[PDB]
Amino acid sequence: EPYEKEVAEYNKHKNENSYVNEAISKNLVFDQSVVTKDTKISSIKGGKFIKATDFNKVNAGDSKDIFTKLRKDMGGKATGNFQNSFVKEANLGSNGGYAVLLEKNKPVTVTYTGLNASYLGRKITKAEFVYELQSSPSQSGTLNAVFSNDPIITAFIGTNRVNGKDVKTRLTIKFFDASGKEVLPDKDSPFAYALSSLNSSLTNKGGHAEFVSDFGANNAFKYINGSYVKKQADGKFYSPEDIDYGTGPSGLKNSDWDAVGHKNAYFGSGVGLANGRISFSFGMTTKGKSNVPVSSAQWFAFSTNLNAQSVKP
């Protein structure tokens, strides 16, 4: 471990040390092209539901964006059902989503049906996204989630911050073919998935970063050259400096890169590679500070739209 911290440290303010690069095969297609008129969440199992009328309440003077709605402690305020947990918000797409409480040791399985995804020409019509809380900074130790009926918008997750702990969620995904059989990669054609939009405002005074970590068995993170997202001493992958408000050595601001489709969107991306079932964690870290604003709700989108074509081997 001490030698990986040293590898991280030398690489912090550099681009790739080498020219070595291997093409990423895009065998797995899980992107906007796979959403159909029939795509939807068919069920959510394992989690208590949050009534939309509880989820939509904010405090006087608050903005009503989805992140602000997310940053409240709903432990013990999750008495909804699948019907009344349905929420509309433009960030969820035109078909909306569902509010759910995530709790320690209670994985929540979100099933999508009606897909037209593929892997080497095998049609993927259904998927299970399993979310499991791993870290929460709220008093109740819970997280709130809104799961979108668009699997490419995926999830918004957050809670109130009372201490310095990370927000962290494990996501394990199963893809199914039309016959109902799980689709797993062939030996020489791993799954590739994007880890995008990992913004960071981290400074010595404070701020926070969105990260990925804890890549599961047969999964690995791969660096994109010129990306600010790279492995840190704590084992997580994020930008250790501010690319959001312009105070960092690069002077970059969120509007300079953090948009889907931006030429600079790779600034906050990596690539996930899986020779097996996809599984990894995502979250938010203040590196331990408790009074950091807007540092406990995030949007995590899942797709195969990589912001690169090759990676370091």
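All residue numbers are counted from 1 along the displayed sequence.
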Which wins on mean Cα temperature factor, 195-203 or 148-156? 195-203
Tell me which stretch, 107-115 or 227-235, has the higher mean Cα B-factor listed in the entry. 227-235
Largest Cα B-factor, entry values, listed residues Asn59, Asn264, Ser279, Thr286: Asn264
Going by the deposited entry, which of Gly180, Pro137, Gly216, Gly97 has the highest CA temperature factor? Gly180
The third of the chain into which the C-alpha temperature factor of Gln298 falls is the lowest
Lowest, middle or highest third: which one holds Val271 when the chain's residues are ordered by CA B-factor from the entry? middle
Among all modelled residues of this chain, ranked by Cα B factor, put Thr247 in the bottom, middle or top third, i.e. lowest, middle or highest. highest
What third of the chain, by the recorded C-alpha B-factor, contains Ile44? lowest
Split the chain's modelled residues into thirds by Cα B-factor; is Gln83 in the lowest, middle or highest one? highest
